[PDB]
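J.: Sending over a structure as structure tokens; questions will come in a sec.
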Amino acid sequence: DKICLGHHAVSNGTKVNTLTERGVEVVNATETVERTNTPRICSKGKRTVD
Amino acid sequence: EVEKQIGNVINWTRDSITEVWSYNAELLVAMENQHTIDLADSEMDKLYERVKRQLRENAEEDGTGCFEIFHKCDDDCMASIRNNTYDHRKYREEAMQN
Amino acid sequence: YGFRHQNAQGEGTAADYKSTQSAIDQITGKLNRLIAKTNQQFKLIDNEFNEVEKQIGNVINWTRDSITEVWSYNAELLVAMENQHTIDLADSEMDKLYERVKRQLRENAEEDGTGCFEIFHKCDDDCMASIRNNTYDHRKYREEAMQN
Ligand SMILES: *[C@@H]1O[C@H](CO)[C@@H](O)[C@H](O)[C@H]1NC(C)=O
Ligand SMILES: *[C@@H]1O[C@H](CO)[C@@H](O)[C@H](O)[C@H]1NC(C)=O
Ligand SMILES: *[C@@H]1O[C@H](CO)[C@@H](O)[C@H](O)[C@H]1NC(C)=O
Ligand SMILES: *[C@@H]1O[C@H](CO)[C@@H](O)[C@H](O)[C@H]1NC(C)=O
Ligand SMILES: *[C@@H]1O[C@H](CO)[C@@H](O)[C@H](O)[C@H]1NC(C)=O
């Protein structure tokens with residue numbers, strides 16, 4: 001008979017703060033604010049004086 | 001032991017710059033989120049209407065995100081919709097009987 | 001957003017709940033995101049009553065008027081971006097209202113392009129109230145519409 005169109009939806013998504021809402025259930029996300037560091041001085045390519 | 005006044009000046013400056021960038025970061029992401037959902041909803045229109053301008057003389061419409069027809073054809077039709085390569089002209093003279 | 005209609009029983013400006021409150025909530029969210037508090041406390045870095053240092057007062061005034069030109073450019077750009085966005089999200093649910101009407105009356109239809117309607121028949125206010133219910137149906141005399 002017919003077709004439909006659509007998109008993709010993950011069953012457990014991420015909530016982002018848009019411009020006119022708070023907590024919008026979005027499929028995917030990234031994280032502009034990196035919280036996890038490497039707790040050492042990554043110093044290859046330099047001569048490094050502790 | 002940083003100096004008391006200029007440390008307050010730097011903290012006035014940094015927390016301003018912190019309030020500058022964090023307002024910018026909150027505004028940017030919320031602008032980009034609204035823009036990403038704008039450029040996610042946009043090519044619904046760019047997909048769904050470029051389908052509707054091809055089946056158009058068969059058509060009535062329901063408005064779900066979907067299709068209707070006058071006839072029944074096989075999967076050679078619906079695979080060609082994804083090829084952007086559908087054609088109609090061969091029995092419009094029978095569609096007025098439908 | 002609203003409606004207005006013309007038939008044999010009367011006329012008069014209707015209204016609709018669905019996309020209205022959607023429009024008011026998106027700007028209220030746009031309000032409450034922006035109508036909000038800067039949580040960071042800004043201290044007092046320069047004096048008002050006696051004798052701040054000449055160079056660092058010029059530095060603070062260079063910094064503050066930069067930051068003033070930073071935020072006022074941002075405030076002018078933000079509001080003008082949000083104004084253009086608000087009129088974008090005001091004009092958007094014209095399309096979201098007006099075409100979800102046109103994909104229901106569609107086999108009756110020709111079109112004029114005013115923001116309005118056309119028909120093959122004449123029915124009462126049971127039709128036009130159901131347009132605001134999103135609950136219109138057509139299928140019962142398409143076999144007579146080809147005669148029209
Ligand atoms: C979402 O983005 C991440 C990147 O961190 C990627 O690994 C993943 O495949 C993407 N898609 C889904 C459905 O999670
Ligand atoms: C500046 O702020 C930091 C934390 O934001 C604080 O540790 C420091 O003591 C402050 N310095 C002055 C001079 O207020
Ligand atoms: C669709 O595209 C494929 C490859 O692009 C082609 O082999 C095929 O003939 C096209 N048409 C249909 C009806 O599948
Ligand atoms: C800094 O600017 C204010 C007004 O913007 C002025 O009253 C004050 O005298 C200025 N201070 C210096 C050191 O230029
Ligand atoms: C419209 O909605 C109201 C309440 O939601 C309902 O009572 C009514 O039957 C519906 N249909 C029409 C044609 O008014």
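So you can find residues: chains in the structure tokens are A, B, ... in the order shown, residues in each start at 1, and ligands are numbered from 1 in order.
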With only C-alpha atoms considered, list every residue of chain C at most 12 Å from chain A, as a list in words.

T.: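 Close enough to count are residues 22, 23, 24, 25, 26, 27, 28, 29, 30, 31, 32, 33, 34, 35, 78, 81, 82, 85, 86 and 89 of chain C.
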
J.: Can I get the selection written as a short mmCIF file (atom, residue, chain, number, x, y, z; two decimals), in the first residue's frame, with C-alpha atoms?

T.:
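Saved the output as again18.cif:
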```cif
data_model
loop_
_atom_site.label_atom_id
_atom_site.label_comp_id
_atom_site.auth_asym_id
_atom_site.auth_seq_id
_atom_site.Cartn_x
_atom_site.Cartn_y
_atom_site.Cartn_z
CA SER C 22 3.89 25.26 22.39
CA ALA C 23 4.88 28.72 21.14
CA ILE C 24 4.54 30.34 24.57
CA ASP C 25 6.55 27.58 26.28
CA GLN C 26 9.48 27.75 23.81
CA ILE C 27 9.87 31.48 24.46
CA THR C 28 9.32 30.91 28.22
CA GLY C 29 12.13 28.38 28.08
CA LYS C 30 14.05 30.95 26.06
CA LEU C 31 13.10 33.40 28.81
CA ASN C 32 14.01 31.15 31.77
CA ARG C 33 17.33 30.18 30.16
CA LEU C 34 18.13 33.88 29.69
CA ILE C 35 15.91 35.36 32.42
CA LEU C 78 22.24 37.87 21.65
CA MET C 81 19.96 36.69 17.46
CA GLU C 82 17.13 35.80 19.83
CA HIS C 85 15.20 33.34 16.37
CA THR C 86 11.93 34.28 18.11
CA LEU C 89 10.14 30.28 16.05
#
```

J.: Where does chain A meet ligand 1 within 10 Å, residue by residue, with the nearest atom pair and distance in Å to one decimal for each, counting only C-alpha atoms and all ligand atoms, listed by chain and rising number, as JSON lines?

T.:
```
{"residue": "A:8", "atom": "CA", "partner": "ligand 1", "partner_atom_place_in_ligand_line": "13 (C)", "distance": 8.8}
{"residue": "A:9", "atom": "CA", "partner": "ligand 1", "partner_atom_place_in_ligand_line": "13 (C)", "distance": 8.2}
{"residue": "A:10", "atom": "CA", "partner": "ligand 1", "partner_atom_place_in_ligand_line": "13 (C)", "distance": 6.5}
{"residue": "A:11", "atom": "CA", "partner": "ligand 1", "partner_atom_place_in_ligand_line": "13 (C)", "distance": 9.8}
{"residue": "A:12", "atom": "CA", "partner": "ligand 1", "partner_atom_place_in_ligand_line": "14 (O)", "distance": 9.9}
{"residue": "A:13", "atom": "CA", "partner": "ligand 1", "partner_atom_place_in_ligand_line": "14 (O)", "distance": 8.5}
{"residue": "A:14", "atom": "CA", "partner": "ligand 1", "partner_atom_place_in_ligand_line": "14 (O)", "distance": 9.7}
{"residue": "A:27", "atom": "CA", "partner": "ligand 1", "partner_atom_place_in_ligand_line": "13 (C)", "distance": 6.8}
{"residue": "A:28", "atom": "CA", "partner": "ligand 1", "partner_atom_place_in_ligand_line": "1 (C)", "distance": 4.9}
{"residue": "A:29", "atom": "CA", "partner": "ligand 1", "partner_atom_place_in_ligand_line": "2 (O)", "distance": 6.1}
{"residue": "A:30", "atom": "CA", "partner": "ligand 1", "partner_atom_place_in_ligand_line": "5 (O)", "distance": 5.7}
{"residue": "A:31", "atom": "CA", "partner": "ligand 1", "partner_atom_place_in_ligand_line": "5 (O)", "distance": 8.4}
```

J.: Kindly save the residues from that selection, with N, CA and C atoms included, as a PDB file, in the first residue's frame.

T.:
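Okay, result-v1.pdb is ready:
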```pdb
ATOM      1  N   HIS A   8      15.774   7.905  13.412  1.00  0.00           N
ATOM      2  CA  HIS A   8      16.297   6.913  14.337  1.00  0.00           C
ATOM      3  C   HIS A   8      16.173   7.439  15.760  1.00  0.00           C
ATOM      4  N   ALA A   9      15.846   6.545  16.691  1.00  0.00           N
ATOM      5  CA  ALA A   9      15.690   6.906  18.095  1.00  0.00           C
ATOM      6  C   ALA A   9      16.289   5.816  18.967  1.00  0.00           C
ATOM      7  N   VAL A  10      17.267   6.184  19.795  1.00  0.00           N
ATOM      8  CA  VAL A  10      17.762   5.269  20.814  1.00  0.00           C
ATOM      9  C   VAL A  10      16.775   5.246  21.984  1.00  0.00           C
ATOM     10  N   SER A  11      16.644   4.083  22.630  1.00  0.00           N
ATOM     11  CA  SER A  11      15.642   3.925  23.680  1.00  0.00           C
ATOM     12  C   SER A  11      15.998   4.661  24.963  1.00  0.00           C
ATOM     13  N   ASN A  12      17.269   4.990  25.176  1.00  0.00           N
ATOM     14  CA  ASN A  12      17.691   5.714  26.370  1.00  0.00           C
ATOM     15  C   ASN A  12      18.696   6.776  25.961  1.00  0.00           C
ATOM     16  N   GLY A  13      18.208   7.985  25.692  1.00  0.00           N
ATOM     17  CA  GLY A  13      19.050   9.036  25.155  1.00  0.00           C
ATOM     18  C   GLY A  13      19.551  10.040  26.167  1.00  0.00           C
ATOM     19  N   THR A  14      20.084  11.152  25.675  1.00  0.00           N
ATOM     20  CA  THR A  14      20.722  12.155  26.507  1.00  0.00           C
ATOM     21  C   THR A  14      19.863  13.416  26.501  1.00  0.00           C
ATOM     22  N   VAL A  27      18.915  11.988  20.846  1.00  0.00           N
ATOM     23  CA  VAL A  27      19.485  10.676  20.536  1.00  0.00           C
ATOM     24  C   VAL A  27      20.916  10.558  21.045  1.00  0.00           C
ATOM     25  N   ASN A  28      21.803  11.437  20.598  1.00  0.00           N
ATOM     26  CA  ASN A  28      23.203  11.271  20.944  1.00  0.00           C
ATOM     27  C   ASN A  28      23.700  12.565  21.556  1.00  0.00           C
ATOM     28  N   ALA A  29      24.930  12.551  22.048  1.00  0.00           N
ATOM     29  CA  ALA A  29      25.528  13.750  22.611  1.00  0.00           C
ATOM     30  C   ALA A  29      27.035  13.607  22.599  1.00  0.00           C
ATOM     31  N   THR A  30      27.693  14.736  22.799  1.00  0.00           N
ATOM     32  CA  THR A  30      29.114  14.789  23.055  1.00  0.00           C
ATOM     33  C   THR A  30      29.231  15.598  24.338  1.00  0.00           C
ATOM     34  N   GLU A  31      30.422  16.049  24.682  1.00  0.00           N
ATOM     35  CA  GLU A  31      30.616  16.721  25.960  1.00  0.00           C
ATOM     36  C   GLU A  31      31.692  17.785  25.751  1.00  0.00           C
TER      37      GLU A  31
END
```

J.: Which residue is closest to chain A? Choose from B:21, B:42, B:13, B:73 and count only C-alpha atoms.

T.: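 Ranking B:21, B:42, B:13, B:73 by distance to chain A, first place goes to B:73.
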
J.: Just the strand (DSSP E) stuff from chain A, please, per backbone DSSP, written as a list in words.

T.: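 Secondary structure check on chain A, strand (DSSP E): residues 14, 15, 16, 24, 25 and 26 of chain A.
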
J.: Deliver the residues from the most recent selection as a file, using N, CA and C atoms, as an mmCIF file, in the first residue's frame.

T.:
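Now in result.cif:
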```cif
data_model
loop_
_atom_site.group_PDB
_atom_site.id
_atom_site.type_symbol
_atom_site.label_atom_id
_atom_site.label_comp_id
_atom_site.auth_asym_id
_atom_site.auth_seq_id
_atom_site.Cartn_x
_atom_site.Cartn_y
_atom_site.Cartn_z
ATOM 1 N N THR A 14 20.084 11.152 25.675
ATOM 2 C CA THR A 14 20.722 12.155 26.507
ATOM 3 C C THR A 14 19.863 13.416 26.501
ATOM 4 N N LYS A 15 19.916 14.172 27.594
ATOM 5 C CA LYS A 15 19.108 15.371 27.759
ATOM 6 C C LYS A 15 20.005 16.597 27.689
ATOM 7 N N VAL A 16 19.728 17.477 26.724
ATOM 8 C CA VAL A 16 20.535 18.665 26.474
ATOM 9 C C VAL A 16 19.685 19.905 26.728
ATOM 10 N N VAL A 24 16.172 18.187 26.983
ATOM 11 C CA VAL A 24 15.475 17.689 25.802
ATOM 12 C C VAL A 24 16.032 16.316 25.445
ATOM 13 N N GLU A 25 15.152 15.320 25.321
ATOM 14 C CA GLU A 25 15.587 13.935 25.122
ATOM 15 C C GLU A 25 16.090 13.762 23.695
ATOM 16 N N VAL A 26 17.403 13.813 23.548
ATOM 17 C CA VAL A 26 18.094 13.791 22.269
ATOM 18 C C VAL A 26 18.767 12.429 22.107
#
```

J.: When DSSP works through the backbone of this structure, what residues of stretch 1-139 of chain C end up as alpha helix (DSSP H), shown as an MDAnalysis selection string?

T.: chainID C and resid 18:34 54:102 125:131

J.: For residue C:44, work out the shell of residues within 9 Å, counting only C-alpha atoms and skipping chain neighbours fewer than 2 positions away, then give it as JSON, numbers by chain.

T.: {"B": [8, 9, 12], "C": [42, 46, 47]}

J.: For ligand 3, collect every residue having any atom at a distance of at most 12 Å from a ligand atom (counting only C-alpha atoms and all ligand atoms); output as a list in words.

T.: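 Selection of residues at most 12 Å from ligand 3: residues 73, 74, 75, 76, 77, 78, 79, 80, 81, 82, 83, 84, 85, 86 and 87 of chain B.
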
J.: Restrict the selected residues to N, CA, C and O atoms and save them as an mmCIF file, in the first residue's frame.

T.:
```
data_model
loop_
_atom_site.group_PDB
_atom_site.id
_atom_site.type_symbol
_atom_site.label_atom_id
_atom_site.label_comp_id
_atom_site.auth_asym_id
_atom_site.auth_seq_id
_atom_site.Cartn_x
_atom_site.Cartn_y
_atom_site.Cartn_z
ATOM 1 N N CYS B 73 2.025 -1.425 -6.472
ATOM 2 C CA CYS B 73 3.184 -1.893 -7.211
ATOM 3 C C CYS B 73 4.179 -2.522 -6.246
ATOM 4 O O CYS B 73 4.089 -2.351 -5.027
ATOM 5 N N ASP B 74 5.139 -3.247 -6.815
ATOM 6 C CA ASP B 74 6.066 -4.057 -6.040
ATOM 7 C C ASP B 74 7.192 -3.202 -5.454
ATOM 8 O O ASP B 74 7.146 -1.970 -5.448
ATOM 9 N N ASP B 75 8.234 -3.882 -4.964
ATOM 10 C CA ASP B 75 9.349 -3.213 -4.300
ATOM 11 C C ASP B 75 10.297 -2.535 -5.287
ATOM 12 O O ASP B 75 11.225 -1.839 -4.859
ATOM 13 N N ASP B 76 10.078 -2.701 -6.594
ATOM 14 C CA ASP B 76 10.821 -1.930 -7.583
ATOM 15 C C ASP B 76 10.503 -0.444 -7.501
ATOM 16 O O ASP B 76 11.362 0.382 -7.824
ATOM 17 N N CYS B 77 9.290 -0.090 -7.074
ATOM 18 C CA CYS B 77 8.951 1.310 -6.848
ATOM 19 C C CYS B 77 9.694 1.859 -5.637
ATOM 20 O O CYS B 77 10.438 2.841 -5.736
ATOM 21 N N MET B 78 9.499 1.224 -4.478
ATOM 22 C CA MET B 78 9.931 1.784 -3.202
ATOM 23 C C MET B 78 11.444 1.778 -3.030
ATOM 24 O O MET B 78 11.968 2.566 -2.236
ATOM 25 N N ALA B 79 12.155 0.914 -3.750
ATOM 26 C CA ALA B 79 13.606 1.005 -3.755
ATOM 27 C C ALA B 79 14.086 2.160 -4.620
ATOM 28 O O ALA B 79 15.138 2.743 -4.342
ATOM 29 N N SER B 80 13.321 2.513 -5.656
ATOM 30 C CA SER B 80 13.681 3.629 -6.520
ATOM 31 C C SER B 80 13.407 4.981 -5.881
ATOM 32 O O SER B 80 13.962 5.983 -6.340
ATOM 33 N N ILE B 81 12.540 5.030 -4.863
ATOM 34 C CA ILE B 81 12.345 6.252 -4.084
ATOM 35 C C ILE B 81 13.642 6.639 -3.392
ATOM 36 O O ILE B 81 14.011 7.818 -3.327
ATOM 37 N N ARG B 82 14.368 5.647 -2.894
ATOM 38 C CA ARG B 82 15.689 5.875 -2.338
ATOM 39 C C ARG B 82 16.742 6.116 -3.417
ATOM 40 O O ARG B 82 17.820 6.632 -3.102
ATOM 41 N N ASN B 83 16.462 5.758 -4.675
ATOM 42 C CA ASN B 83 17.320 6.120 -5.801
ATOM 43 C C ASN B 83 17.026 7.492 -6.390
ATOM 44 O O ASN B 83 17.719 7.881 -7.338
ATOM 45 N N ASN B 84 15.995 8.189 -5.893
ATOM 46 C CA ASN B 84 15.509 9.471 -6.430
ATOM 47 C C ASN B 84 15.083 9.336 -7.896
ATOM 48 O O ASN B 84 15.199 10.281 -8.676
ATOM 49 N N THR B 85 14.578 8.167 -8.283
ATOM 50 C CA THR B 85 14.449 7.806 -9.693
ATOM 51 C C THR B 85 13.072 7.184 -9.956
ATOM 52 O O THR B 85 12.947 6.073 -10.476
ATOM 53 N N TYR B 86 12.012 7.863 -9.537
ATOM 54 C CA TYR B 86 10.661 7.376 -9.778
ATOM 55 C C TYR B 86 10.013 8.125 -10.942
ATOM 56 O O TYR B 86 10.281 9.307 -11.168
ATOM 57 N N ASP B 87 9.159 7.418 -11.685
ATOM 58 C CA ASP B 87 8.452 7.984 -12.826
ATOM 59 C C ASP B 87 6.992 7.548 -12.802
ATOM 60 O O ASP B 87 6.656 6.484 -12.279
#
```

J.: List all protein, DNA and RNA residues that have at least one atom no more than 6 Å from any atom of ligand 5, counting only C-alpha atoms and all ligand atoms, and write them as a compact mmCIF listing (two decimals) with N, CA, C and O atoms, in the first residue's frame.

T.:
```txt
# COMPACT_ATOMS: atom_id res chain seq x y z
N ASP C 126 -19.52 21.54 12.77
CA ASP C 126 -18.93 20.29 13.24
C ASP C 126 -17.62 19.98 12.54
O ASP C 126 -16.75 19.33 13.13
N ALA C 129 -14.82 22.96 13.92
CA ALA C 129 -14.39 22.76 15.30
C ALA C 129 -13.47 21.55 15.41
O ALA C 129 -12.59 21.52 16.28
N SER C 130 -13.65 20.56 14.54
CA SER C 130 -12.80 19.37 14.55
C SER C 130 -11.42 19.63 13.95
O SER C 130 -10.50 18.84 14.20
N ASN C 133 -9.60 20.19 16.74
CA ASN C 133 -9.40 18.91 17.42
C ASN C 133 -8.39 18.00 16.74
O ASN C 133 -8.15 16.90 17.27
```

J.: Give me, as a compact mmCIF listing (two decimals) with C-alpha atoms, in the first residue's frame, the contact residues of chain C against chain B at a cut-off of 8 Å, counting only C-alpha atoms.

T.:
```txt
# COMPACT_ATOMS: atom_id res chain seq x y z
CA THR C 38 24.63 34.93 37.01
CA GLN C 40 29.17 34.19 40.14
CA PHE C 42 31.80 39.92 41.26
CA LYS C 43 33.81 41.81 43.88
CA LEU C 44 34.80 45.48 44.05
CA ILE C 45 38.14 45.88 42.27
CA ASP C 46 38.35 49.66 41.94
CA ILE C 60 40.85 48.26 34.75
CA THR C 63 39.62 45.90 30.85
CA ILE C 67 34.38 43.64 28.94
CA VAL C 70 32.40 42.38 25.12
CA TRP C 71 29.04 42.03 26.87
CA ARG C 100 -1.03 20.03 8.95
CA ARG C 103 -2.53 17.50 4.47
CA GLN C 104 -6.07 16.61 5.63
CA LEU C 105 -8.35 18.49 3.21
CA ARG C 106 -5.98 17.60 0.40
CA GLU C 107 -8.16 15.76 -2.14
```

J.: Could you pull the residues within 8 Å of stretch 123-125 of chain C, counting only C-alpha atoms, minus those fewer than 3 positions along the same chain, as a PyMOL selection string?

T.: chain C and resi 7-9+128-129

J.: Could those residues be written to a file, using N, CA, C and O atoms, as a PDB file, in the first residue's frame?

T.:
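selection01.pdb, freshly written:
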```pdb
ATOM      1  N   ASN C   7     -19.146  30.300   7.233  1.00  0.00           N
ATOM      2  CA  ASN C   7     -20.083  29.294   6.755  1.00  0.00           C
ATOM      3  C   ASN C   7     -21.497  29.835   6.923  1.00  0.00           C
ATOM      4  O   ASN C   7     -21.698  30.994   7.296  1.00  0.00           O
ATOM      5  N   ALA C   8     -22.485  28.983   6.636  1.00  0.00           N
ATOM      6  CA  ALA C   8     -23.876  29.421   6.638  1.00  0.00           C
ATOM      7  C   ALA C   8     -24.419  29.679   8.039  1.00  0.00           C
ATOM      8  O   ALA C   8     -25.464  30.321   8.172  1.00  0.00           O
ATOM      9  N   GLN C   9     -23.741  29.197   9.084  1.00  0.00           N
ATOM     10  CA  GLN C   9     -24.234  29.425  10.437  1.00  0.00           C
ATOM     11  C   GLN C   9     -23.701  30.730  11.019  1.00  0.00           C
ATOM     12  O   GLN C   9     -24.363  31.347  11.862  1.00  0.00           O
ATOM     13  N   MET C 128     -15.399  22.503  11.252  1.00  0.00           N
ATOM     14  CA  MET C 128     -14.389  23.505  11.572  1.00  0.00           C
ATOM     15  C   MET C 128     -13.975  23.489  13.037  1.00  0.00           C
ATOM     16  O   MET C 128     -12.880  23.957  13.365  1.00  0.00           O
ATOM     17  N   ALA C 129     -14.819  22.964  13.922  1.00  0.00           N
ATOM     18  CA  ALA C 129     -14.386  22.758  15.295  1.00  0.00           C
ATOM     19  C   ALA C 129     -13.470  21.549  15.412  1.00  0.00           C
ATOM     20  O   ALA C 129     -12.593  21.522  16.281  1.00  0.00           O
TER      21      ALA C 129
END
```

J.: Find the residues near ligand 4. Use a cut-off of 8 Å, count only C-alpha atoms and all ligand atoms, and write them as a list in words.

T.: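 Listed by chain and ascending number, the contacts are residues 52, 53, 54, 55, 56, 57, 58, 59, 60, 61 and 65 of chain C.
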
J.: If we count only C-alpha atoms and set the cut-off at 7 Å, which residues sit around residue C:118, ignoring sequence neighbours fewer than 4 positions away in its own chain? Please answer as a compact mmCIF listing (two decimals) with C-alpha atoms, in the first residue's frame.

T.:
```txt
# COMPACT_ATOMS: atom_id res chain seq x y z
CA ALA C 109 -8.40 21.02 -2.70
CA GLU C 110 -7.25 23.69 -4.99
CA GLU C 111 -5.43 26.57 -3.31
```

J.: As a list in words, could you give me every residue of chain B near chain A (at most 7 Å apart, counting only C-alpha atoms)?

T.: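 Using only C-alpha atoms, chain B residues at most 7 Å from chain A: residues 30, 31, 33, 34, 65, 66, 67, 68, 69 and 72 of chain B.
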
J.: Just write the chosen residues, N, CA, C and O atoms, as an mmCIF file, in the first residue's frame.

T.:
```cif
data_model
loop_
_atom_site.group_PDB
_atom_site.id
_atom_site.type_symbol
_atom_site.label_atom_id
_atom_site.label_comp_id
_atom_site.auth_asym_id
_atom_site.auth_seq_id
_atom_site.Cartn_x
_atom_site.Cartn_y
_atom_site.Cartn_z
ATOM 1 N N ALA B 30 23.524 26.038 23.507
ATOM 2 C CA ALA B 30 22.075 26.187 23.358
ATOM 3 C C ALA B 30 21.701 26.770 22.001
ATOM 4 O O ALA B 30 20.664 26.409 21.431
ATOM 5 N N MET B 31 22.521 27.684 21.472
ATOM 6 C CA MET B 31 22.327 28.095 20.086
ATOM 7 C C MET B 31 22.618 26.945 19.139
ATOM 8 O O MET B 31 21.845 26.707 18.207
ATOM 9 N N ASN B 33 22.559 23.691 19.859
ATOM 10 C CA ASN B 33 21.519 22.674 20.049
ATOM 11 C C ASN B 33 20.267 23.018 19.268
ATOM 12 O O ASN B 33 19.722 22.176 18.547
ATOM 13 N N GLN B 34 19.781 24.253 19.435
ATOM 14 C CA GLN B 34 18.623 24.719 18.685
ATOM 15 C C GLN B 34 18.909 24.714 17.193
ATOM 16 O O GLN B 34 18.031 24.387 16.392
ATOM 17 N N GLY B 65 3.684 11.593 7.927
ATOM 18 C CA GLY B 65 5.086 11.385 7.636
ATOM 19 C C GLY B 65 5.198 10.281 6.615
ATOM 20 O O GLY B 65 6.199 9.566 6.562
ATOM 21 N N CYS B 66 4.168 10.156 5.778
ATOM 22 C CA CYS B 66 3.881 8.913 5.076
ATOM 23 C C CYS B 66 3.334 9.163 3.672
ATOM 24 O O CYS B 66 3.538 10.231 3.097
ATOM 25 N N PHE B 67 2.654 8.165 3.115
ATOM 26 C CA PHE B 67 2.479 7.987 1.681
ATOM 27 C C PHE B 67 1.031 7.603 1.424
ATOM 28 O O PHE B 67 0.349 7.083 2.310
ATOM 29 N N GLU B 68 0.564 7.854 0.203
ATOM 30 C CA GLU B 68 -0.616 7.154 -0.289
ATOM 31 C C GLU B 68 -0.483 7.024 -1.803
ATOM 32 O O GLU B 68 0.431 7.577 -2.417
ATOM 33 N N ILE B 69 -1.408 6.272 -2.397
ATOM 34 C CA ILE B 69 -1.258 5.769 -3.756
ATOM 35 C C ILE B 69 -2.648 5.586 -4.373
ATOM 36 O O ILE B 69 -3.659 5.654 -3.667
ATOM 37 N N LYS B 72 -1.246 -0.539 -6.643
ATOM 38 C CA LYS B 72 -0.320 -1.337 -5.844
ATOM 39 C C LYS B 72 0.793 -1.838 -6.756
ATOM 40 O O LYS B 72 0.535 -2.588 -7.703
#
```
